[PDB]
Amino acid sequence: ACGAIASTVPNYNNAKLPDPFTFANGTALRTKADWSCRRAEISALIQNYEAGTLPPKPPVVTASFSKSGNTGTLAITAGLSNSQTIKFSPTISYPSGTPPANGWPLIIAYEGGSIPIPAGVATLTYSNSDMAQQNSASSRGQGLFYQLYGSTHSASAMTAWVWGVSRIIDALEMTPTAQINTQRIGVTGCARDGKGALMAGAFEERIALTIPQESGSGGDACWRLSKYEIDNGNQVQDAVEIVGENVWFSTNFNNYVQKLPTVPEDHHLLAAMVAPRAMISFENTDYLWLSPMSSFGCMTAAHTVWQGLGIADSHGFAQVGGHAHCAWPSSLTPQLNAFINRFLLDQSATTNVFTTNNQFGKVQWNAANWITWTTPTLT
């Protein structure tokens, strides 16, 4: 129904941010339904240029569940048609007592996350580093995911992490005795795990609420804006450095980090893949490594997609200073809880959150230099 999905745009060359509202073939988006097809195209482009191949659900996915006290263990097996299998067993921390009729809402927290989780929400601890190692460039192709698909599989570590989240949600769908409301699943992570959580929410449509925390470069920052920051003297993480530091991106991305204008996506399109579902990301201006201006401009550009879909308040951004990396400032708890309350707890909470302190160091944000499109009202 979307036709043949384009996965490359060989002639692309755009120093500003790619236009969310124009397909690779030059067709303009017009309807809300068009966004589903555009999202599928962005997925293919992101896989091709920076994330590697995200495998589909494998033929074998088995799950069993057991509970001791308030801790559940979800034992998952995943297997291919060639008989290869891997296994992993995330745990779930439950609120006590009788659950809601449809089960507990749940946040999948990469290695526990760094946000406070309200008392009526269960927490699943996902050991993403075991699914795909992330110590340094030395970690390439190591982790459970690669014991299934092969150490030379093109998936980045973050794409392998997404795959694991998808198997977790498969297992939850198969395991009603885990007492989870599978329509009310969120995801969160901080720092490198916040890069991971954004990827999970973008690519796995069953996630109702995505919460990336101080994800920086390769998260809710854009590659093109971070290149501008580093060229003008801010000591930011950028595309060139990040592919040498770790294995969060595919080896193919190495071919583009010096040629960012030729990449027909940026992370504003990655973030927009969450639409029309909900996301709020949190940033910290104390660390220029995180590329503060790039995150504000990137999420401002991503925001236009929700605006065009008539659901601006489903996308939040809050950027402040004055606290340590991955420490949670109580000043932002109301904004976090507004999104959890609305999108996971079914409350009538307002979620209009889009704020920065503009503390961007040696650069400023100038929307007209980066965002070239007007926002259409998709019909």
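Numbering starts at 1 and follows the sequence shown.
In this crystal structure, the stretch out of 370-378 and 4-12 whose C-alpha atoms carry the higher mean B factor is 4-12. In this crystal structure, the stretch out of 275-283 and 112-120 whose C-alpha atoms carry the higher mean B factor is 112-120. For the set 327, 51, 320, 42, the maximum C-alpha B-factor listed in the entry falls on 327. For the set 181, 304, 215, 147, the PDB entry assigns the largest Cα B-factor to 181.
Residue 46: CA B factor in the lowest third of modelled residues in this chain (values from the PDB entry). Split the chain's modelled residues into thirds by C-alpha temperature factor. Residue 73 is in the highest one. Per the deposited record, the Cα B-factor of residue 289 falls in the lowest third when ranked against the other modelled residues of its chain. Per the deposited record, the Cα B-factor of residue 243 falls in the middle third when ranked against the other modelled residues of its chain. In the PDB entry, residue 315 places in the lowest third of its chain by CA B-factor.
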